[PDB]
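An overview of the molecular structure
Here is how the chains run, residue by residue.
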Amino acid sequence: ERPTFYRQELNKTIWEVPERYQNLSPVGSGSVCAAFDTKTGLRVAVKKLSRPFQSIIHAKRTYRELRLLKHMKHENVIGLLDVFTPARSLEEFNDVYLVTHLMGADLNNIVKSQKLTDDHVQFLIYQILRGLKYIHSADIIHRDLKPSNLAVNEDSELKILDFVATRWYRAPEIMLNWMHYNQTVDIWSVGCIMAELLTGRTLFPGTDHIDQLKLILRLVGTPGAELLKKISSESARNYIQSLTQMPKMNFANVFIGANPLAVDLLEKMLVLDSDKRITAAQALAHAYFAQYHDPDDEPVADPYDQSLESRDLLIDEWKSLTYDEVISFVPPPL
Ligand SMILES: NC(=O)c1c(OCc2c(F)cc(Br)cc2F)nsc1NC(=O)NCCCCN1CCCC1
Ligand SMILES: CCCCCCCCO[C@@H]1O[C@H](CO)[C@@H](O)[C@H](O)[C@H]1O
């Protein structure tokens, strides 16, 4: 039934964890301990949520985190090994712990600013897209994909996480608060990430927000005619007007001696017009990933309720709902 729990002090707070989890050790600030799940053999990250039910917006966040994590069932996407609470009733619920695979390094810790081989980039980017295809099939946009959101083990096996200047991988529309994003915001991010692995260099290293935008326009050129027609705001329309022409650079010269398949994929991801960017499903089918591509093991998600978290409710209802998600949780198939 319910497992036995044990208590120990950690991070200015008492952690009450099941028995099966051992040698907890703080490895970040909620706050996280690294631990060994003796039950399963795995190294895990165990997250104690700081103040999950503080406000309407915290409680809302808790419930939405749990619900997304519980929905994420894919090799290339972080997923939940366990969720627990000491509480033996709702009356007494306030503490939430999440459990997932301990990961030792992210894509800065692999990248070491050294350029990777084509075959390695192929593999890493393949996995990102495999993972993205699936997130996107759930009508989930990630919105802030970047090396530090990309977890990787010693064998180059990758997982997308939700958690370096954090703006370098952002879709330009996000930085212009465009507010009706396509899924292809993530594709922009992958493009910048891919470019970086191949070259060893940040592709758009903006020092500030506008410089960032400036570096991008150097690469792709200025909004062409068909993109310019789409600017809702007049003044942008009008400012963007007041720029001069500058034509896209030839990526082949920007990416000197890269596999031309990679260049060609870079050219389909790094299109200003989000409506013209290659999708993840399409990019997986790109001849660049011929060695990895398999259309029968690149699985979609069950659909997922975006509005069901955007309710206006009272802390007690969020907390009751989160409680129900904690109770109903069934660990993944190992
Ligand atoms: N995943 C992990 O191993 C991890 C982690 O997971 C939090 C966490 C949960 F606890 C539970 C759920 Br559910 C989701 C979730 F994101 N917080 S820190 C950390 N790993 C770590 O500090 N390794 C040693 C330092 C290397 C830098 N690494 C690269 C990747 C992460 C930082
Ligand atoms: C300063 C001009 C550079 C920014 C151009 C960004 C164009 C991004 O693409 C735009 O994204 C929108 C979704 O957010 C779509 O609705 C538009 O149709 C699409 O053209």
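Per the deposited record, the coordinates in this entry were obtained by X-ray crystallography to a resolution of 2.350 Å.

Each helix and strand in the protein was counted, giving 11 helices and 10 strands. For a compact globule of 334 residues, the expected C-alpha radius of gyration is about 20 Å, and the protein comes in at 22 Å, within 12% of that figure. Counting only C-alpha atoms and orienting by the principal axes, one finds that the protein spans roughly 65 × 45 × 40 Å.

As a further point, take the environment of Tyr97. Tracing the chain through its elements places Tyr97 in strand β7 (residues 97–101). On the basis of relative accessibility, which here comes to 1%, the residue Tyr97 falls in the buried class. Residues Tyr97 and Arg64, 33 residues apart in the sequence, show an inter-C-alpha distance of 14 Å. When neighbours within four sequence positions are excluded, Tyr97 is seen to be in contact with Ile14, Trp15, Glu16, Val17, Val46, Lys47, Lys48, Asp82, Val83, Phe84 and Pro86. Here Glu16 takes part through its backbone nitrogen, which lies 2.8 Å from a polar atom of the side chain of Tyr97.

Right, let's talk about the domain arrangement of the protein for a bit. Taken domain by domain, the protein comprises domain 1 (15–104) and domain 2 (105–300). Domain 1 and domain 2 are separated by 31 Å when their C-alpha centres are compared. Between domain 1 and domain 2, the residue contacts involve 14 residues of the former and 19 residues of the latter. Buried area between domain 1 and domain 2, summed over both chains or domains, comes out near 1,400 Å², and the portion from carbon and sulfur atoms is 58%. Three residues, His74, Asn76 and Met103, lead the burial of domain 1 against domain 2; their summed loss comes to 44% of the area buried on that side.

Here the focus is the site of ligand 2. If you check the shell around ligand 2, you find 14 residues, and the closest are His180, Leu272, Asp273, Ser274 and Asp275. Here an oxygen atom of ligand 2 and a side-chain polar atom of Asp275 are 2.2 Å apart. For the shell around ligand 2, the per-class residue count stands at seven nonpolar, three polar and four charged.

With that settled, consider the pattern of salt bridges. In total, this model carries 17 salt bridges according to the counting rule given. A salt bridge links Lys48 to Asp95; its shortest N-O distance comes to 3.5 Å. Note that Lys48 is positioned in strand β5 (residues 43–48) and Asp95 in the loop between β6 (82–84) and β7, a separation of 47 residues in sequence. Classification of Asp95 by relative accessible area gives partly exposed; the value is 31%. Two residues, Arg64 and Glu309, come together in a salt bridge whose shortest N-O distance is 3.7 Å. Judged by relative accessible area, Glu309 falls into the buried class, the value being 15%. The network of salt bridges with shared partners includes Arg67, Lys70, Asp305 and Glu325.

The subject of this paragraph is the UniProt feature "active site" in the protein. When the UniProt feature table is mapped onto this chain, "active site" is found at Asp162. The topology assignment puts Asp162 in the loop between β10 (158–160) and α3 (172–175). Residue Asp162 is classed as partly exposed on the basis of its relative accessible area, which comes to 40%. Contact partners of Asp162, with chain neighbours within four places excluded, come to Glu65, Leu69, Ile78, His142 and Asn149.

One open sheet holds the five strands; their spatial order is β3-β4-β5-β7-β6, and the pairing between them is antiparallel. Only two strands of the sheet have a single neighbouring strand rather than two, namely β3 (21–26) and β6. In this sheet, neighbouring strand axes are inclined to one another by 25 degrees on average, regardless of whether the strands run parallel or antiparallel. Here three bridges tie β6 to β7, and the two strands are oriented antiparallel to one another. Within the sheet, the bridge partner assigned to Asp82 lies in β7 and is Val99.

Side chains that are nonpolar tend, in soluble globular proteins, to be buried together. Counting 60 residues, the largest nonpolar core has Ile125, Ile128, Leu129 and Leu132 as its most contacted members. Going through the elements one at a time, α2 (118–137), β9 (150–152), β10, α4 (184–199), α5 (209–220), α9 (260–269) and α10 (280–284) are the ones with two or more residues in this core. Ignoring any residue separated from it by four or fewer positions in sequence, one finds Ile125 in contact with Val190, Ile193, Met194, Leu197 and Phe289. Counting 19 residues, the second largest nonpolar core, distinct from the first, contains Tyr63, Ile78, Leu98 and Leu161.

What follows deals with α2. Given 3.6 residues per turn, any residue in an α-helix points the same way as the ones three and four places further on. Relative to the 28 Å expected for 20 residues at 1.5 Å per residue, α2 spans 28 Å between its end C-alpha atoms, a close match to the ideal helical length. Taking burial as the measure, the 20 residues of α2 include 15 buried ones, the bulk of the element. Directly beyond the C-terminal end of α2, a positive phi value near 55 degrees is found at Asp139.

Now for the packing of α2 against α4. Contact geometry of α2 with α4 gives a least axis separation of 10 Å together with a crossing angle of 170 degrees. The angle between the axes of α2 and α4 places the two elements in the roughly antiparallel class. Note on packing geometry: the crossing formed by α2 with α4 is right-handed. Here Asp118, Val121, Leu124, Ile125, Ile128, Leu129, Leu132 and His136 of α2 come into contact with α4, specifically with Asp186, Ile187, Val190, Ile193, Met194, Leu197 and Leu198. Class assignment of the residues belonging to the contact of α2 with α4 gives a composition of 12 nonpolar, one polar and two charged.

Thresholds, definitions, all that
- Residues numbered from 1 in each chain as written, not as in the entry; some residues may be left out.
- Chains lettered and ligands numbered in written order.
- Heavy atoms only, no water.
- Residues with missing side-chain atoms left out of burial classes, pairs and counts.
- Helix = DSSP H or I, 4+ residues; strand = E, 2+ residues; numbered from the N terminus.
- Rg over C-alpha atoms; globule rule 2.2 N^0.38 Å.
- Buried < 20%, exposed > 50% of the residue type's maximum accessible area, 1.4 Å probe, protein only.
- Contact = heavy atoms within 4.5 Å.
- Polar contact = N/O pair within 3.5 Å; in protein donor to acceptor, adjacent residues only side chain to side chain.
- Domains from an automatic or database assignment.
- Buried area = accessible area lost by both parts, 1.4 Å probe.
- Near = heavy atom within 4 Å.
- Nonpolar A, V, L, I, M, F, W, Y, C, P; charged D, E, K, R; others polar.
- Salt bridge = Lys/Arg side-chain N within 4 Å of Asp/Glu carboxyl O.
- UniProt positions renumbered as here; feature names shortened; annotations may be inferred.
- Pairing = 2+ DSSP bridges.
- Axes fitted to C-alpha atoms, helices over the stretch in contact; angles between N-to-C directions.
- Core = buried A, V, L, I, M, F, W, Y, C linked by side-chain atoms within 4.5 Å.
- Expected span 1.5 Å × (residues − 1).
- Parallel < 35°, antiparallel > 145°, perpendicular 65-115°, else oblique.
- Left-handed = near helix turned anticlockwise from the far one by under 90°.

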